[PDB]
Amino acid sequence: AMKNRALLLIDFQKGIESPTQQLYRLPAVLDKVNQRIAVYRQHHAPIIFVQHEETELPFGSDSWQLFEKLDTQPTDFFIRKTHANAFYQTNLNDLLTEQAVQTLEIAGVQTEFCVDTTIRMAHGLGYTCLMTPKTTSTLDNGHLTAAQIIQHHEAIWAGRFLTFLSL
(Lines of atoms letter the chains of each structure in order from A and count residues from 1; the text may use other names and numbers.)
(Lines give C-alpha, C1' and ligand atoms only; values in the text may rest on other atoms or scores of the structure.)
Protein backbone atom coordinates (compact mmCIF):
# COMPACT_ATOMS: atom_id res chain seq x y z
CA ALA A 1 0.00 0.00 0.00
CA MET A 2 3.01 2.31 0.58
CA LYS A 3 5.01 1.02 -2.41
CA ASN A 4 5.06 2.85 -5.80
CA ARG A 5 3.44 5.73 -3.95
CA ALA A 6 4.31 9.44 -3.68
CA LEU A 7 3.04 12.33 -1.66
CA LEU A 8 2.38 15.24 -4.04
CA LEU A 9 2.26 18.61 -2.23
CA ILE A 10 1.01 21.43 -4.41
CA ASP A 11 1.96 25.13 -4.18
CA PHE A 12 2.47 25.40 -0.43
CA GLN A 13 4.32 28.71 -0.90
CA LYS A 14 4.47 31.85 1.33
CA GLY A 15 3.11 34.25 -1.30
CA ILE A 16 -0.27 32.58 -1.99
CA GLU A 17 -1.03 34.36 0.86
CA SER A 18 -1.15 38.16 1.11
CA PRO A 19 -1.97 40.33 4.21
CA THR A 20 -5.61 40.80 3.04
CA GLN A 21 -6.12 37.18 1.88
CA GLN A 22 -5.46 34.35 4.39
CA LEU A 23 -5.83 30.71 3.29
CA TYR A 24 -8.69 28.94 5.12
CA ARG A 25 -7.50 27.03 8.21
CA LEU A 26 -3.90 26.84 6.92
CA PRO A 27 -2.19 26.11 10.25
CA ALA A 28 -4.11 22.80 10.66
CA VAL A 29 -3.58 21.90 6.98
CA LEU A 30 0.22 22.23 7.31
CA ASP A 31 0.18 20.26 10.59
CA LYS A 32 -1.76 17.43 8.87
CA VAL A 33 0.63 17.59 5.85
CA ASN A 34 3.70 17.43 8.12
CA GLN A 35 2.16 14.22 9.70
CA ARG A 36 1.91 12.66 6.23
CA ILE A 37 5.44 13.78 5.37
CA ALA A 38 6.64 11.99 8.48
CA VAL A 39 4.91 8.70 7.39
CA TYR A 40 6.46 8.97 3.90
CA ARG A 41 9.94 9.50 5.44
CA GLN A 42 9.51 6.46 7.69
CA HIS A 43 8.65 4.32 4.64
CA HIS A 44 11.39 6.00 2.47
CA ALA A 45 8.59 6.88 0.04
CA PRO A 46 9.01 9.84 -2.39
CA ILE A 47 7.73 13.30 -1.36
CA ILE A 48 7.33 15.81 -4.25
CA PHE A 49 6.74 19.52 -3.70
CA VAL A 50 5.24 21.51 -6.61
CA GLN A 51 6.04 25.23 -6.69
CA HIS A 52 4.30 27.68 -9.00
CA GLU A 53 6.23 30.59 -10.55
CA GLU A 54 4.82 33.68 -12.26
CA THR A 55 5.43 37.42 -12.40
CA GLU A 56 3.91 37.96 -8.93
CA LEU A 57 5.56 34.80 -7.45
CA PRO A 58 9.02 35.10 -9.07
CA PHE A 59 11.14 31.95 -9.21
CA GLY A 60 13.49 31.55 -6.22
CA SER A 61 12.14 34.68 -4.44
CA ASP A 62 11.16 34.71 -0.78
CA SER A 63 7.47 34.66 -1.69
CA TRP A 64 7.95 31.60 -4.01
CA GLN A 65 9.58 29.59 -1.19
CA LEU A 66 7.63 26.92 0.74
CA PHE A 67 6.04 27.84 4.04
CA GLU A 68 8.73 27.52 6.70
CA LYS A 69 6.60 25.21 8.87
CA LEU A 70 6.77 22.38 6.26
CA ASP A 71 9.30 19.59 6.90
CA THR A 72 11.45 19.53 3.75
CA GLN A 73 14.76 17.73 3.11
CA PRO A 74 17.25 17.98 0.18
CA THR A 75 16.12 14.42 -0.43
CA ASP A 76 12.63 15.47 -1.49
CA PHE A 77 11.79 16.16 -5.16
CA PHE A 78 10.78 19.57 -6.46
CA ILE A 79 8.79 20.39 -9.56
CA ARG A 80 8.60 23.88 -11.15
CA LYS A 81 5.25 24.74 -12.78
CA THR A 82 3.81 27.78 -14.51
CA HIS A 83 0.07 26.60 -14.86
CA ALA A 84 -2.65 25.34 -12.29
CA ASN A 85 -1.92 21.87 -13.81
CA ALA A 86 1.29 20.35 -12.27
CA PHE A 87 1.87 18.15 -15.35
CA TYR A 88 1.34 20.97 -17.92
CA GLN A 89 4.81 21.59 -19.48
CA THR A 90 6.62 20.19 -16.40
CA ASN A 91 8.93 17.31 -15.54
CA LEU A 92 6.21 15.72 -13.27
CA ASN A 93 5.23 12.77 -15.46
CA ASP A 94 8.93 11.98 -16.14
CA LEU A 95 9.88 12.03 -12.49
CA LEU A 96 6.91 9.71 -11.59
CA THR A 97 7.98 7.28 -14.31
CA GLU A 98 11.62 7.43 -13.18
CA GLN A 99 10.49 6.79 -9.58
CA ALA A 100 8.06 3.94 -10.59
CA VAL A 101 5.15 5.80 -8.93
CA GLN A 102 1.65 4.71 -9.77
CA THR A 103 -0.16 6.14 -6.71
CA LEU A 104 -0.32 9.78 -5.74
CA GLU A 105 -1.49 11.14 -2.41
CA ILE A 106 -2.35 14.78 -3.14
CA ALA A 107 -2.55 17.91 -0.97
CA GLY A 108 -2.13 21.67 -1.52
CA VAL A 109 -3.63 24.99 -2.52
CA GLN A 110 -5.69 26.34 -4.00
CA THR A 111 -8.53 23.73 -3.85
CA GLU A 112 -10.45 24.77 -6.92
CA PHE A 113 -7.50 25.73 -9.13
CA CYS A 114 -4.15 23.90 -9.08
CA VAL A 115 -5.30 21.09 -6.79
CA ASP A 116 -8.52 20.30 -8.65
CA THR A 117 -6.74 20.42 -11.98
CA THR A 118 -3.80 18.23 -10.97
CA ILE A 119 -6.29 15.56 -9.49
CA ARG A 120 -8.41 15.44 -12.73
CA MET A 121 -5.22 15.31 -14.78
CA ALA A 122 -3.45 12.66 -12.69
CA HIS A 123 -6.62 10.46 -12.72
CA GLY A 124 -6.94 10.99 -16.45
CA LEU A 125 -3.32 9.97 -17.12
CA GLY A 126 -3.93 6.67 -15.27
CA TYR A 127 -2.57 7.38 -11.74
CA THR A 128 -4.29 6.07 -8.66
CA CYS A 129 -5.14 9.13 -6.55
CA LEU A 130 -5.53 9.37 -2.75
CA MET A 131 -6.13 12.24 -0.35
CA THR A 132 -5.92 12.78 3.42
CA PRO A 133 -9.01 14.69 4.55
CA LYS A 134 -8.44 18.40 5.39
CA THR A 135 -5.25 18.86 3.42
CA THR A 136 -6.44 21.50 0.89
CA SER A 137 -7.30 25.15 1.38
CA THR A 138 -8.39 28.21 -0.62
CA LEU A 139 -9.72 31.81 -0.22
CA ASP A 140 -13.21 33.33 -0.02
CA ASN A 141 -13.71 34.35 -3.64
CA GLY A 142 -16.39 37.06 -3.26
CA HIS A 143 -19.14 34.63 -4.33
CA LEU A 144 -18.55 31.57 -2.11
CA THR A 145 -16.62 31.12 1.14
CA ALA A 146 -13.47 28.93 1.27
CA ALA A 147 -15.56 26.43 3.28
CA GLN A 148 -18.21 26.14 0.49
CA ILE A 149 -15.55 25.84 -2.25
CA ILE A 150 -13.73 23.13 -0.29
CA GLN A 151 -16.97 21.23 0.39
CA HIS A 152 -17.95 21.44 -3.29
CA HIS A 153 -14.70 20.21 -4.86
CA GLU A 154 -13.87 17.53 -2.27
CA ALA A 155 -17.33 16.05 -2.85
CA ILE A 156 -16.65 15.93 -6.60
CA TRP A 157 -13.27 14.22 -6.11
CA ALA A 158 -14.44 11.53 -3.60
CA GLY A 159 -14.83 8.25 -5.42
CA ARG A 160 -14.69 9.60 -8.95
CA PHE A 161 -11.10 10.77 -9.07
CA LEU A 162 -9.56 9.68 -5.74
CA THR A 163 -10.16 7.87 -2.46
CA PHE A 164 -10.14 9.77 0.81
CA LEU A 165 -7.90 8.07 3.29
CA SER A 166 -8.80 6.89 6.81
CA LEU A 167 -6.57 8.00 9.73
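All residue numbers refer to positions in the sequence shown, first residue = 1.
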Looking at the deposited entry, does 20-28 or 152-160 carry the larger mean Cα B-factor?
-> 20-28
Residue stretch of maximal mean CA temperature factor, 66-74 vs 99-107 | 66-74
Deposited CA B-factor, highest of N141, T128, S61, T118 | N141
Consider only the C-alpha atoms of the modelled residues in this chain, order them by B-factor as the entry records it, and name the third containing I47: lowest, middle or highest.
-> lowest
Could you tell me which third, lowest, middle or highest, the C-alpha B-factor of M2 occupies within its chain?
-> highest
Would you mind ranking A84 by its C-alpha B-factor against the rest of the chain and naming the third, lowest, middle or highest?
-> highest
Assert third(CA B-factor, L165) within chain per record equals middle
Within this chain's modelled residues, let me know which third the CA B factor of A122 belongs to: lowest, middle or highest.
-> lowest
